[PDB]
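Enquirer: Have a look at this fold, sequence not included:
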């Protein structure tokens, strides 16, 4: 279940999903939510070539 | 750059992308992102 995850577990789970999605498709380290935005944008860009 | 976005701008941007994905294929934005990433991954397997 998603809502039972702690905030830190939710971040980890998001990152794991991003890694899987990447297998398919000054300086500042990114947070999970920042990485999620990039990954969602990448997924949308690819899907829009095939769908709707 | 993505790090220039405030937390509100980041959340708003994430929900905008999720909305766009919903058209193609309670909770916080990060929870919604997890759901949307799982759904997008499942759909992208046929386009790898």
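Expert: In hand now; what should we look at? Residues are numbered from 1 along each chain as shown, chains lettered A, B, ... in the order given.
Enquirer: Residue A:2: neighbour count?
Expert: Residues contacting residue A:2 under the criterion other C-beta atoms under 10 Å in any protein chain shown number 14. In this view, the C-beta of every residue, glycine as well, is placed from N, C-alpha and C.
Enquirer: for it, helix, strand, or coil?
Expert: Reduced to three states with DSSP: H, G, I helix; E, B strand; the rest coil, the structure at residue A:2 is coil.
Enquirer: Then residue A:44?
Expert: The three-state label given to residue A:44 by three-state DSSP is helix.
Enquirer: Which neighbouring elements make contact with the longest helix along chain A?
Expert: As assigned by DSSP state H, the longest helix anywhere in chain A is helix A:7-24. On a contact count with 3 or more C-beta pairs under 8 Å, 6 or more residues apart in numbering or on different chains; DSSP states H and E, helix A:7-24 meets helix A:32-47, helix B:29-44.
Enquirer: a markdown table for the ones you listed, including distance to residue A:9?
Expert: Shown next, in a markdown table, are the helices and strands packed on helix A:7-24 (distance: least, C-beta to C-beta, whole Å):
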| stretch | distance to residue A:9 |
| --- | --- |
| helix A:32-47 | 11 |
| helix B:29-44 | 10 |
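Enquirer: So which residue is smack in the middle of chain A?
Expert: The centre of chain A sits closest to residue A:36, judged by C-alpha atoms, centre = their mean, with a distance of 3.3 Å.
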